[PDB]
Amino acid sequence: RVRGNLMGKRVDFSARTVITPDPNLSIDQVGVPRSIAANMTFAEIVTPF
Amino acid sequence: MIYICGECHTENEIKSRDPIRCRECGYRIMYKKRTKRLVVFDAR
Amino acid sequence: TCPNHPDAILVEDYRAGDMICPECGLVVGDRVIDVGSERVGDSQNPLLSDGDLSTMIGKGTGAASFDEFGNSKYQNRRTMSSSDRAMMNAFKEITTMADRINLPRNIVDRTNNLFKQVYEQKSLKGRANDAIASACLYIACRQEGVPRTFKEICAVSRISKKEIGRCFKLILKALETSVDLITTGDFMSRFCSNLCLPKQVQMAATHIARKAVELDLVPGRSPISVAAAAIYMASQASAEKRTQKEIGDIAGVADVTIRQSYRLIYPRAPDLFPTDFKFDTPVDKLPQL
Amino acid sequence: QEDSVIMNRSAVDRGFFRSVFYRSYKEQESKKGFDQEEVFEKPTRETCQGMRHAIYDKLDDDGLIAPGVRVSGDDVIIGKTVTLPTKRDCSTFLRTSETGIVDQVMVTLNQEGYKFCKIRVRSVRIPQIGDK
Amino acid sequence: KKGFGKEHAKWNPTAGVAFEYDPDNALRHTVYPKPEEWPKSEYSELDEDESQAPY
Amino acid sequence: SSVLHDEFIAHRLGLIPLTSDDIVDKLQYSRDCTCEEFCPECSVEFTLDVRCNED
Amino acid sequence: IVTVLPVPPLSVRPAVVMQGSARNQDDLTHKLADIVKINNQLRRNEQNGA
Amino acid sequence: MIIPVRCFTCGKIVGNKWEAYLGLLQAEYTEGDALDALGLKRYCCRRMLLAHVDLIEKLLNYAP
Amino acid sequence: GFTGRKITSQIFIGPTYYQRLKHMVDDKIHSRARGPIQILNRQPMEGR
Amino acid sequence: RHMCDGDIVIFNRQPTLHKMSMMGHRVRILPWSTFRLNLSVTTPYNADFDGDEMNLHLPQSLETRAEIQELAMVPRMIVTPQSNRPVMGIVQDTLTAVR
RNA sequence: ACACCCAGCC
Ligand SMILES: [Zn+2]
Ligand SMILES: [Zn+2]
Ligand SMILES: [Zn+2]
Ligand SMILES: [Zn+2]
C-alpha cells in the first residue's frame, strides 16, 4: 500500500508512446500526436478577456 | 442468417435456436457468409 | 437521475468514466467505480446451497508448526454442512459418471442443475443420492436431444434399471415438468458409430426406422428394439456385416427381442429402404431367422 | 540520428513492409448457473440494462457481426446477454484505438459443448513513423 | 481517378528517373578520396589514363 | 474467395498502370468535379469478374 | 491483547463483480468468516460446558 | 506471398515478369541471363524478382 | 533529392535484408484523462 | 480544451535516474503517432530511438504549470549541479558534421 | 481480480 499506492500511484492526464527524432524542433519543444492532444485536456478559467 | 459448413461449402439457413450442425454432412463448424453490405477500399 | 431530465436513462462513458445524461450532456453523479479486475477468493460454485466462506490450513513449515510427536498442531477441520458435503459428493460422482461415456460438460452442468433443484425441493430424501444423480443424468441427456438408454446410464452406475427408472418417474413428478418422447432416430448415431458402420448405412438406418415407425408397422415396441432391428436389417444390405451378438451387446437388446423385431419388419423389406441406396446385397437375399 | 530510419514513402505506397494484423476474439455461451443464462442475441435498450455509448447496430439477428463489416474503437462484435435473476449486457468490445474489418466469424461447439464463437478482425498495418 | 505522385506512388508515371550532371568532376561537387578507383560515367569524356577532369 | 484478403487485392489493383496518353488532360480531378461521388467526366469504371472452375 | 477484533469496512475488503453473476469476496472476508465460525464454536462450547 | 506488381524502389513493373522468369529458368537459363533477358537492368528490380518466394502456390493447395 | 546537388561524400548503398518487428507504434500509443478507476484504491486502472 | 501548441508538459523517461530525467517541454502538434524530441535532449534522458517509450504528464492547474515553466523546463536544466557541466550537448550527426 | 509465462526499454 505505502510504496505501491501512496508514494507512487497511477495518475490521470498522462500519455505514453514511442519517441522518434526531430532535429527541426527546439530543445524545449516536444512533438505530440494529434490523438494524444485531442484526448487529454487542460482546464482554462473563463475570463472577460 | 446464412452459414457455410467448413467441410462441404453448403449454405445453411439456421435460426437462432437450432444447435449448430450441417444438414448435408453433420460437421460442427460453421462460417458466417460475407455480408451483402458494400465496403469500400481505397487501393492506396 | 438527471435533475433536469429525471426520466432519461444515463449512459456509461467508460472511456471518460462518467454517468452522462444523453439529453443535456450533464455529467450526473460521480466518477464511475468500475467493478471488475485491476487478493480475491475462489469462484464459489453457484450450485452450492450455502456460502461456504472458509479457508484451508497449509502444510507445516517449521518446528513451531509441529507438535511433540510428529504431528501438526493445526489441522484441516472443515466447517462444511452435512448437506453441502453430501451434494458435493454427488456432483463429484455425477462428473465421474458422465466422463465414463464421454458426455460433454454442458450435460454435466444440466445434471448438476437438476440435482440441485431436486435436492432443494426435498421430496426424495429416502432414495440414494447416487440413484437421484443417475436419474438426473438421464433427464439431462434426454432434454438436450441426445438421449441415452436406461441400460446405458445403468452401465456407468451402481444403481439398477429398476431403481433409476423409479427415481426418474419420481423426479419428473416432483419437478412438474415433462420430456420429449424418444424417437428411433436419436439412438441411431451412437448405436451405429460404436458398431463401425459407413455413413450411407447411417442414412439408410435412420430413414428406414423413421418410415417403419411412421406407418405404424411395429405396435408398441420400444424405440431401442426398432432402432436395433433397423441397424441389423440395414447392415446386411451393405458390405459391412454385423451379427446378433454385437448389435445386442451394443444396444442393450436381447436376441429374442431383436429376432422378433426382425421377423416383424422383414415382409415390408423393399418398400422401406431409401430409393437412392447402393444395394450391395439383393433385397431378397436377407436371411430370415 | 540515434538508431532511427528514414523510409521511402513511395516504397511504402508500393507495398514495402506493409503487413496485416489478425486478432481473434473468442466468446462462449454458458448455462452453468441454475437460473442465469447467457445467450447470443442482438440486445435492445428497451429490454437489456447494462449497455454503454457504443453502437449495437452492426450486429446481425444472431448477435454476431457479419464478415466484411468495418469496425472501429468501441464497436460491438458479439451480442451476449445474461438473464438477470430483465437481462444484463456482457458483450465483447473492440480494443481501444484498433480499427479493422471482420474477416471470418466461426460458430461451433467447444470442448464443453457450449456454443462457441470466434471472430477474426483483420487490420492492415502500413509502416508509419515509429514502427521498429 | 486522376492523381499525381505526391499523393501516392500509384500515380507515379516514371520507373526511375536517372539524372546526372558534370560526369567528370570539373566542379568537384563530389570529392573522391581515391579517384582512380571510381568507374567512369557513361557520359564521361576522358581517356583511360585520366581519372577525373581538372578542377 | 481467393487466398488474398480484400485490401491486398485492392492494393495490387491500384498499382496496375493504365494507359493515360490523351484522356488524362480531358479528365478532371474527382475533388473538383461537380458530380456527387463519381462520373465519366472525372473517373473511369473497371470491372473484374473471374471464376475458376477448371482443374 | 486482542479482546475485541475490529472488522474492516466493505471498502477495505470489497467484493468484485465478474462476468455473469458472481459475488467473489476478498481474502479478508473469508478470514472474517473463519473468525466468526470459530468464535461461535468456542462460545457454544463454553456455553454448554465442553 | 505473390510477386509485387511494382518494384518497391523505382516503380518498374515486375508483376508481369514472374511467370516469364520461371519459364526462362525452366529453359536452363542461369538467373543472371534470365534477369537480363527480361529487361531488368537496375539491381533493385533484379533484387525484386530474384529474391521473391511464390508462397501463393503453396497457399492454393488447401481447399477453399 | 531536394536540390539535385551531388553529395560531397559518396554514400555506401546496397541491398540488405531488413525485417519488420511486431513492436508497432499504433499498438503502443496511449493516453488518459479521467478514465475509469479501480475498486480498492479508487485510482486509475492498470494498462492501455 | 484540447491541449494545443505552447502547452507545458513534463516529459519523462524511465528509469528516472537523475533530476534532468523529468524536464518540461512545450507541446507542438505534429501529424504522426510518435513523440518527437530534439537530439540534444536525448543525452539527459539517456534515450535512443530504437523503440524507447516516454511518458508525458500534462499539468492541470495554473500554479503547477507556472512552476514547471519556471523551475524544470529544458533550457533551465542545461547545466546540472551534479558535476557543474552542461548535461546536454551536440551529438551524433550534428557533432560529426560540425567537426 | 489472482497467478504464471513471454516480451519491450535501460
Ligand atoms: Zn457440411
Ligand atoms: Zn439531463
Ligand atoms: Zn465527376
Ligand atoms: Zn526497380
Revision key, fill the gap. Restricting region G:21-34 to residues that are within 25 Å of D:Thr86 (Cα to Cα) and out of contact with any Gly (no Cβ under 7 Å at 6 or more places or on another chain), the one surrounded by the most Cβ atoms within 10 Å (Cβ to Cβ) turns out to be G:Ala22
Review point. Of all residues in region D:97-132 being more than 14 Å from chain C (Cβ to nearest Cβ), polar (S, T, N, Q) and in a loop (DSSP other than H, G, I, E, B), which is surrounded by the most Cβ atoms within 10 Å (Cβ to Cβ)?
Key: D:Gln128
Exercise for review: Using the structure shown, decide if I:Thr16 is within 28 Å of J:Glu53 (Cα to Cα), assigned to a loop (DSSP other than H, G, I, E, B), out of contact with any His (no Cβ under 8 Å at 6 or more places or on another chain) and of a type in the set (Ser, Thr, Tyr).
Suggested key: yes
Study note, to complete from the structure: Given the conditions (1) surrounded by fewer than 18 Cβ atoms within 10 Å (Cβ to Cβ); (2) away from chain B (no Cβ under 14 Å), every one holds for D:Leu94 apart from (1)
Practice item. Could you grab me the full set of residues in region G:11-50 that are farther than 18 Å from C:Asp50 by Cα, outside any helix (DSSP H, G or I) and within 11 Å of chain C (Cβ to nearest Cβ)? Key: G:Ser11, G:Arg13, G:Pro14, G:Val16, G:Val17, G:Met18, G:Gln19, G:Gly20
Review point. Of all residues in region D:1-57, how many are β-branched (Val, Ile, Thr) and within 22 Å of C:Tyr14 (Cβ to Cβ)?
Key: 3
**Study point:** Residue count for region H:1-33, restricted to those that are more than 24 Å from D:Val20 (Cβ to Cβ) and away from chain E (no Cβ under 14 Å)
**Key:** 15
**Study point:** Residue list for region J:47-89, filter: within 16 Å of RNA strand K (Cβ to nearest atom) and more than 11 Å from every other protein chain (Cβ to nearest Cβ)
**Key:** J:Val87
Practice item. Please work out which residue is farthest from J:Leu58 (Cα to Cα), limiting yourself to region I:23-42 and to residues that are hydrophobic (A, V, I, L, M, F, W, C) and within 10 Å of chain D (Cβ to nearest Cβ). Key: I:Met24
Check your understanding: Mind checking which residues of region H:8-24 are under 23 Å from H:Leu59 (Cα atoms), buried (at least 20 other Cβ atoms within 10 Å of the Cβ) and not basic (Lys, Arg)?
Key -> H:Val14, H:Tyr21
Review point. If you take the residues in region C:1-41 that are facing another protein chain (nearest Cβ under 8 Å) and of a type in the set (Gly, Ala, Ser), which one is nearest to ligand 3 (Cβ to nearest atom)?
Key: C:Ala16
Study note, to complete from the structure: Taking region H:38-51 and keeping residues more than 14 Å from chain F (Cβ to nearest Cβ) and surrounded by 13 or more Cβ atoms within 10 Å (Cβ to Cβ) leaves H:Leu38, H:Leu40, H:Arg42, H:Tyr43, H:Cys44, H:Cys45, H:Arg46, H:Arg47, H:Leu49, H:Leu50
Practice item. Could you name every one of the helices (runs of 4 or more DSSP H) located completely within region C:108-205 that has at least 3 residues being farther than 25 Å from D:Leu109 by Cβ? Key: C:129-143, C:150-155, C:161-175
Point to revise | Enumeration of residues in region C:24-44 that are surrounded by 12 or more Cβ atoms within 10 Å (Cβ to Cβ), part of a loop (DSSP other than H, G, I, E, B) and not small (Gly, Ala, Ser) | key: C:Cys24, C:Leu26, C:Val28, C:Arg31, C:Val32, C:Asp34, C:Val35, C:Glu38, C:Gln44
Exercise for review: Of the numbered conditions (1) of a type in the set (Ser, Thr, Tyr); (2) within 16 Å of RNA strand K (Cβ to nearest atom); (3) in contact with a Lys or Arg (Cβ under 9 Å, 6 or more places away or on another chain), C:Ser43 fails exactly one; give the number of that condition.
Suggested key: (3)
Review point. Given the structure, is C:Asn102 surrounded by 13 or more Cβ atoms within 10 Å (Cβ to Cβ) and either under 24 Å from G:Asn24 (Cβ atoms) or under 32 Å from the mean Cα position of the chain (by Cα) (or both)?
Key: no
Point to revise | Pick from region E:14-53, criterion within 14 Å of chain H (Cβ to nearest Cβ) and of a type in the set (A, V, I, L, M), ranking: nearest to the chain's Cα centre (by Cα) | key: E:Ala18
Practice item. Would you mind finding the one in C:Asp7, C:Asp13, C:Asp67, C:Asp50 that is away from ligand 4 (no atom under 16 Å from the Cβ), within 38 Å of the chain's Cα centre (by Cα) and either among the acidic types (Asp, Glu) or surrounded by 14 or more Cβ atoms within 10 Å (Cβ to Cβ) (or both)? Key: C:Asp50
Practice item. Answer with yes or no whether C:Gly62 is outside the structural domain of C:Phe91 (by CATH), within 16 Å of RNA strand K (Cβ to nearest atom) and small (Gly, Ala, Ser). Key: no
Practice item. Quick one: which residue in B:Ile20, B:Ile4 is touching a strand residue (DSSP E or B) at 6+ places or on another chain (Cβ under 9 Å), within 14 Å of chain F (Cβ to nearest Cβ), surrounded by 16 or more Cβ atoms within 10 Å (Cβ to Cβ) and hydrophobic (A, V, I, L, M, F, W, C)? Key: B:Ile4
**Study point:** Selection from region C:166-195 of residues that are within 18 Å of C:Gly252 (Cβ to Cβ) and surrounded by fewer than 15 Cβ atoms within 10 Å (Cβ to Cβ)
**Key:** C:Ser189, C:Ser193, C:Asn194
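What is reported rests on the model, the rules as stated and the sources as named; none is laboratory data. Cβ coordinates were reconstructed from backbone atoms using ideal geometry, including for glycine residues, and neighbour counts include every protein chain displayed.
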